[PDB]
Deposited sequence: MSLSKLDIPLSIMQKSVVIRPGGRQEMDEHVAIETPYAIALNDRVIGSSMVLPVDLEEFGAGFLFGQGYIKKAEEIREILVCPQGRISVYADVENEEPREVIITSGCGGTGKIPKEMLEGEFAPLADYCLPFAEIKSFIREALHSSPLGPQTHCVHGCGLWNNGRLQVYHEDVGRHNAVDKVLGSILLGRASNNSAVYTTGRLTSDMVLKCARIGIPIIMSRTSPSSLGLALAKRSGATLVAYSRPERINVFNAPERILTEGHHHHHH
């Protein structure tokens, strides 16, 4: 289950009408590494294997796909990861990013396929989404109530070999510091948003070399760094 039907009263100057609404589900999950609870988050309860891997990578517990042995999801509120908010040491030298470059012409298809991938946003207006594009195709697309979680789910995909870092990432969320940082650390070279960057977001993209695209629309984009990757 990802949403619940709920009644509201719409009030206007003329009067009051009852109405049916879709309301997105937000729910706490604990994240455990090798049977020890590392943390906890409010999540949209979908794609939680991916969420688990990506959250631990974001916190700095895991660095490579290869360390992950298995991940179990319990509907009681636990994701258990088995392996062999940002830390201070993450903010401060970036390894090289992938060589993917984005044909400007596929931008309309990337954005269309992303926005059309799930009906939850049109229904609930309470979820962000994040996807990866390579080879003229939307490889994966995750939503969550929190934009940082949706990105974590994208990272978890890469870490579980379900997607490649040789990709463009699009998000409906703002490209603040933590959002860019996650993408840069896993090696994604093109980071795109429907909306704005922060100054720290921008400054991380400049340090890493990453292409950062804002205000993305099907046939218009504002590139703030490395516009060479847009073909």
Regions of the deposited sequence not represented in the model: 1-8, 93-111, 120, 260-268
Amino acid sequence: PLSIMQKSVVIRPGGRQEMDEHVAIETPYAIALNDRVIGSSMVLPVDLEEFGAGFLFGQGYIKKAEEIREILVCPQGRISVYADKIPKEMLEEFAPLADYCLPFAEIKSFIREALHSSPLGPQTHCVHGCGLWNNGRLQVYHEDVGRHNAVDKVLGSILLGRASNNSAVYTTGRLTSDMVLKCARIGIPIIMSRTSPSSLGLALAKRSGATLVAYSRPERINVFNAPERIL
From here on, numbers count along this sequence of modelled residues.
Please compare 208-216 with 11-19 and name the stretch with the higher mean C-alpha B-factor in the deposited structure. 11-19
State which stretch shows the higher mean Cα B factor in the entry: 58-66 or 173-181. 58-66
Based on the PDB entry, the highest CA temperature factor among the options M90, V81, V154, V145 is that of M90
Which of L97, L138, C126, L160 ranks first by CA B-factor in the deposited coordinates: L97
What third of its chain's C-alpha B-factors does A114 belong to: lowest, middle or highest? middle
Of the three thirds of its chain by CA temperature factor, lowest, middle or highest, which one includes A150? lowest
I221, C-alpha B-factor rank within chain (lowest, middle or highest third): highest
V37 - Cα temperature factor, lowest/middle/highest third of chain: highest
Name the third of the chain's ranked CA B-factors that contains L120, choosing lowest, middle or highest. middle
